[PDB]
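*Asks:* This block holds the first chain(s) of the complex, placed as they are in the complex; more will follow:
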Amino acid sequence: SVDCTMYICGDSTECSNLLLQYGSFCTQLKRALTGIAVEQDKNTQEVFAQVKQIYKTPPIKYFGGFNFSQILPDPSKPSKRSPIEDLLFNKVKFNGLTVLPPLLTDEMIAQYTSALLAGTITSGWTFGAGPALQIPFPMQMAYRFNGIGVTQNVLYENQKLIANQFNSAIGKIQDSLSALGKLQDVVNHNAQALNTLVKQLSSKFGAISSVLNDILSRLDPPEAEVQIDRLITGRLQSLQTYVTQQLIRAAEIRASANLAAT
Amino acid sequence: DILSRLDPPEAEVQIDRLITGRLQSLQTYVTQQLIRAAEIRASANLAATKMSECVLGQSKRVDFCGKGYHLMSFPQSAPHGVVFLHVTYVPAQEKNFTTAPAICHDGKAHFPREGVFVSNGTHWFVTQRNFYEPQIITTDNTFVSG
Amino acid sequence: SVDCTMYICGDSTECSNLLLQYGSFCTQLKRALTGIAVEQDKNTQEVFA
Amino acid sequence: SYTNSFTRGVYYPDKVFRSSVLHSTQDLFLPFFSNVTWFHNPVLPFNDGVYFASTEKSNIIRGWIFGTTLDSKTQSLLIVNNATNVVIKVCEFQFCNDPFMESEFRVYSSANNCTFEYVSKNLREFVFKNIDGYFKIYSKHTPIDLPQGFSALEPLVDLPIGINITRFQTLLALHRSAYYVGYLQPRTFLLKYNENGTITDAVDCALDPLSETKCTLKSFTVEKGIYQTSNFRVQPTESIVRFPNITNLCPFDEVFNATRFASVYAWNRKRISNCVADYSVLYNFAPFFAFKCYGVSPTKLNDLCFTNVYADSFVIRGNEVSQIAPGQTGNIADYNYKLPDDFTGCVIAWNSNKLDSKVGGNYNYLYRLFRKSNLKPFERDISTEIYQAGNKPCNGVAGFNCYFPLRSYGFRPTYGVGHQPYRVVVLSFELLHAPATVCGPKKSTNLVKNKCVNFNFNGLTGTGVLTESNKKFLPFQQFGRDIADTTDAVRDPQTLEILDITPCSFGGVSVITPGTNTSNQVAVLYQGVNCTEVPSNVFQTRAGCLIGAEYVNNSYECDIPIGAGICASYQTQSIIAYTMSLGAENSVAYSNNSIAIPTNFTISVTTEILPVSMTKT
């Protein structure tokens, strides 16, 4: 969120009466940025908040062999993240600019993910269409092979082999991590727009100076109104560029959130 | 007021200020419509996809044609859009039973052809997975392997 | 791509020095056009390769 | 006294018609729920307009008096209304100090130079204002301590008078055989018009924490939710200007105390350098007799800056000090010392009889009184060539037409004023090309901490809170900047300590409302403001400070989202804050040989709405 008056004018009060003479440009900026701010929380709810109840796994945590400890939460942590989630988060104020916090904390998101994991491992896909119906996991895997055209005895006669091979295959995932460039790019693109927006305040745009107080200190009002009006136009153009790009870039992350929710 | 209290060489300067301001505002207006126009088009493409896949067919895609198991959908028109009426199948009133992956008989392993083996406490039956309807375990609804 | 200096000034030293008073507008222009030019090769790899 | 208005003093801001249009206007009104004085009389102030209500079936109020002096010798306004009709009049009056058969009108006794004439229970309201020489009156008479309701007032007159007003009085009908006074302030309202074009309701903006809203949405009905309406900005106090010390005074103390001065014909010349110059030694130094400053004023010697400060000193006779000045003549100023016509220096001159006045003649100080032609400004001539006035060359022998060019004063203590030796010193500045040089002395100002203040550290101008830092500058660096090149630390010139700088503490202000159809209670969130810097129920969240809602330990479904897991609801009434509930808690009875199978089902029907088109423009 950008404070239009503090970005353009900046502290000065003689400027505020001049900025009012350009109409509702500062109202448009606030409305446009609020639209983005509301959609970004909805994007997250649609991807993760697809479960009614918060499911938990049973204490034993032994599902016919298959070992899921690398994707289930670690009870010996303040954050209750999984071992793989701990790796995933280890790789990625100014002149009127502020950053608002998300509505959902990352603890709350972790609770949606653990509910999806606990629902699936114990009831497969039945809880997404109604009540959760328990079935042993080994039998869940056998139905899944049947869905791809493999006869179900292939699992039941080879249950140990598939469970042991799976456990190593999932174990290799950490080695490939210890990738997330698509997540760092989102951070970089916004950091670059905020670093550029601030740097554009040190530009004269063809005026005598770039500071709205220094103009007055060494110039009469009749001519100072012209010099300040040039700087206002230049910095107002900066805000229009910034907000237009945030709308175009927010449509791209929204399309990605729709794919992730799907 | 600009063409009445200024000479021509002085009024041109003031007209350019109005043209610049009003042109900037009008050019902003049209750019914002291009940005919104891409969004309504994307929504219309989703509505067209659901029209084929939810109304002219039966979809298996999860949470694409309502919540539950898709049976059928009916369209209704709206002023600037479309309303879909989605009819879904939802199971209710479950009970627990006991299961086994296979049955041993004559030293051989029997598997269900299209169901699950269940036990009501004393006898074993075969049911279909989405509706409780027990059948006697026979050689007509099972197959042998191993 | 468009070279901002050739478009705006066109081989003129008086104009070229004046471009220094506007800050980093050309930096934004080059990155904006380059960032979408790289995606165009990605678009064709994802369809055929 | 002070009565509590409710929604009173609302008048039609102008002509123009308007149907169903929640129009927003800025003008001079009586604020809603204001403190209005009560009278049952003395001259009252005006300052900016007046609200005037009253109650009574009879007519006790018999006009008003306005103006600047409320007396004769200047024109004033007088408004009366007998049983006929209102009479506006603007003359020069002479008012009774207590103005009031059935004979009346003992208010004034003079009506000169009239510039305007005109002739032609119960609540009688008036609004008076005076803008650009126009004196407006709104009024309405509505039949029934004042009651409670809304009624907009229509224009009554339009009076191109020109009159200034700063005070006024009232007139009452005595017994021989109750009124209100408010004032107007610049406020903003949101006015609701009916289909007939009249004002039926209004919202006072900049008042309650709520209304601060009705003005942002342009409505009188707000739907449940959370609205960003304004912002919080901490303000700086005090202005501290820090600076170095002095290093060197640049000792005037000698040039103005030299025990052996110089005779005028060969006058000494001391040039100041880059220094600290404190002329407060002088202006408040000795007793002095003559101190005249030509280029700059004697007090502004300590806020300018010049390159080379030349200082001349000598001694001369009493009545000749009138010749050390731009553009003079005489045996001394002609050719001993010539000041130019565009002088910028500062002349000081005093009496020194007791210090350079010895008995029996003190023949040390000479003064030339023969020369070919007059001198050049600031030039110097010390020769001793024998003069030649006649036509025969001298060959360096005194006598006839060959005179020695140097004489000597005397100065015995028994002289009158105008012949005792005076000491004269002159200062002269000149700023050739130097970037900076010796300037005046700097007035410090202490240095406070942990407070938002307006600071200046020897040229560095800014605003913010000063705190002890943990950075280490190099032993030549004054201040530091952060990435993006903004100053974030300075060094105090006097104490040589590094202090961090941080802006005040602004942020948005949002209003949390259950909906005007539920309640008029509200809570306010100050976004990322610490609860110690805001200026009951104060709740600290990662999103700021929430005031006006109670935080409970239960967990509900989210209703109004605040942020960082916190929501608000209207349940327990009042307004509360809390941490959202994601959902219930289900524990599936999992085992390695148990299955659940449905025995029944339901057919469910849901809808989905999707936009397909927009308007073609």
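*Replies:* On my side now, so go ahead. Residues are numbered from 1 along each chain as shown, chains lettered A, B, ... in the order given.

*Asks:* neighbours of residue 39, just the number please.
*Replies:* Just going to use chain A. Residue A:39: 14 surrounding residues under other CB atoms under 10 Å in any protein chain shown. Backbone N, C-alpha and C define where each C-beta goes, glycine included.

*Asks:* other chain: chain B
*Replies:* For residue B:39, the count of nearby residues is 14 (other CB under 10 Å).

*Asks:* and if you look at residue A:221?
*Replies:* Neighbour count for residue A:221, taken as other CB under 10 Å: 11.

*Asks:* so how far is chain B from residue D:18?
*Replies:* Distance, residue D:18 to chain B, by CB to the nearest CB, to the nearest Å: 25 Å.

*Asks:* where exactly do the strands run in the stretch 201-350 of chain D?
*Replies:* D:225-232, D:239-242, D:268-271, D:290-293, D:308-316, D:346-351 (DSSP state E, counting those that start in this stretch).

*Asks:* Now distance to residue A:20 and mean neighbour count too, for those, in a markdown table please.
*Replies:* Converted to a markdown table, the strands of the stretch 201-350 of chain D look like this (distance: least, CB to CB, whole Å; neighbours: other CB atoms under 10 Å in any protein chain shown):
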| stretch | distance to residue A:20 | mean neighbour count |
| --- | --- | --- |
| strand D:225-232 | 16 | 17 |
| strand D:239-242 | 28 | 15 |
| strand D:268-271 | 56 | 12 |
| strand D:290-293 | 47 | 14 |
| strand D:308-316 | 50 | 20 |
| strand D:346-351 | 49 | 20 |
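
*Asks:* okay if I get the ones you listed as JSON lines plus distance to residue D:406?
*Replies:* Formatted as JSON lines, the strands of the stretch 201-350 of chain D follow (distance: least, CB to CB, whole Å):
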{"stretch": "strand D:225-232", "distance to residue D:406": "81"}
{"stretch": "strand D:239-242", "distance to residue D:406": "54"}
{"stretch": "strand D:268-271", "distance to residue D:406": "17"}
{"stretch": "strand D:290-293", "distance to residue D:406": "26"}
{"stretch": "strand D:308-316", "distance to residue D:406": "14"}
{"stretch": "strand D:346-351", "distance to residue D:406": "23"}
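
*Asks:* With distance to chain C as added columns, please give the ones you listed in JSON lines.
*Replies:* Converted to JSON lines, those look like this (distance: least, CB to the nearest CB, whole Å):
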{"stretch": "strand D:225-232", "distance to chain C": "28"}
{"stretch": "strand D:239-242", "distance to chain C": "32"}
{"stretch": "strand D:268-271", "distance to chain C": "43"}
{"stretch": "strand D:290-293", "distance to chain C": "44"}
{"stretch": "strand D:308-316", "distance to chain C": "37"}
{"stretch": "strand D:346-351", "distance to chain C": "44"}
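
*Asks:* which parts of chain A sit against chain C?
*Replies:* Counting by CB under 8 Å from any CB of the partner chain, the positions of chain A adjacent to chain C are A:196, A:199-200, A:202-206, A:241.

*Asks:* quick one: which of these has the most company?
*Replies:* Neighbour counts for the residues of chain A next to chain C (other CB under 10 Å) peak at residue A:200, which has 22 neighbours.

*Asks:* Tell me who's in contact with it.
*Replies:* A:235, A:238, C:23-24 (CB atoms under 8 Å, 6 or more residues apart in numbering or on different chains).

*Asks:* onto the same structure, chain E please:
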Amino acid sequence: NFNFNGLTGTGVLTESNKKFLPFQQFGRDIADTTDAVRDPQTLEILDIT
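*Replies:* Below, chain E sits with the chains from the block before:
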């Protein structure tokens, strides 16, 4: 092309069905554009399409 004591504009004048207050000269639709005036001489409200 009309002018009503200062109000300058263009449009078609027609008999209205609005009722002004007995101090109002004209009015402005939503978005604040003049859409009706009163004739100073005859005191009748006219719409300005």
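
*Asks:* The neighbour count of residue A:39 with chain E there, same question as before?
*Replies:* By the criterion of other CB under 10 Å, residue A:39 has 14 neighbours.

*Asks:* And the helix or strand encompassing it, how far out from the chain middle?
*Replies:* Assigned by DSSP states H and E, residue A:39 belongs to helix A:25-48. Mean-position distance between helix A:25-48 and its chain equals 12 Å (CA atoms, centre = their mean, to the nearest Å).

*Asks:* Stretch D:454-466 too?
*Replies:* Mean-position distance between stretch D:454-466 and its chain equals 19 Å (CA atoms, centre = their mean).

*Asks:* Can you point out the buried residues in it?
*Replies:* Residues D:455, D:457, D:462, D:464-466 are the ones in stretch D:454-466 that count as buried (16 or more other CB atoms under 10 Å in any protein chain shown).

*Asks:* Quick check: the farthest pair among these?
*Replies:* D:457 and D:465 (14.2 Å; CB to CB).

*Asks:* where's residue D:115, which helix or strand?
*Replies:* Using DSSP H and E, residue D:115 falls in strand D:108-116.

*Asks:* contacts for the helix or strand just after the helix holding residue A:39?
*Replies:* Moving toward the C-terminus from helix A:25-48, the next helix or strand (DSSP H and E) is strand A:54-55. For strand A:54-55, the surrounding residues in contact (CB under 8 Å, 6+ apart) are A:111, A:114-116, A:118-119, A:122, A:127, A:132, D:582-588.

*Asks:* What would the helix holding residue A:39 look like as PDB? C-alpha coordinates only.
*Replies:* The C-alpha trace of helix A:25-48 is given here as PDB (Å, rounded to 0.1, in the frame of the first residue of the first chain):
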ATOM      1  CA  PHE A  25      -6.000  10.200  -9.000                       C
ATOM      2  CA  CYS A  26      -5.100   9.300  -5.400                       C
ATOM      3  CA  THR A  27      -8.600   7.700  -4.900                       C
ATOM      4  CA  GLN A  28      -8.000   5.600  -7.900                       C
ATOM      5  CA  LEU A  29      -4.700   4.300  -6.600                       C
ATOM      6  CA  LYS A  30      -6.200   3.200  -3.300                       C
ATOM      7  CA  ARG A  31      -9.200   1.500  -4.900                       C
ATOM      8  CA  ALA A  32      -7.000  -0.400  -7.400                       C
ATOM      9  CA  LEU A  33      -4.600  -1.600  -4.700                       C
ATOM     10  CA  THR A  34      -7.400  -2.700  -2.400                       C
ATOM     11  CA  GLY A  35      -8.700  -4.900  -5.100                       C
ATOM     12  CA  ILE A  36      -5.400  -6.700  -5.300                       C
ATOM     13  CA  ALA A  37      -5.100  -6.900  -1.500                       C
ATOM     14  CA  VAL A  38      -8.500  -8.600  -1.100                       C
ATOM     15  CA  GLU A  39      -7.900 -11.100  -3.900                       C
ATOM     16  CA  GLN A  40      -4.500 -12.300  -2.500                       C
ATOM     17  CA  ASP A  41      -6.100 -13.700   0.600                       C
ATOM     18  CA  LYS A  42      -8.900 -15.300  -1.400                       C
ATOM     19  CA  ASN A  43      -6.300 -17.000  -3.600                       C
ATOM     20  CA  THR A  44      -4.900 -18.800  -0.600                       C
ATOM     21  CA  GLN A  45      -8.200 -19.800   0.800                       C
ATOM     22  CA  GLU A  46      -9.200 -21.400  -2.500                       C
ATOM     23  CA  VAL A  47      -6.000 -23.400  -2.800                       C
ATOM     24  CA  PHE A  48      -5.800 -24.600   0.800                       C
END
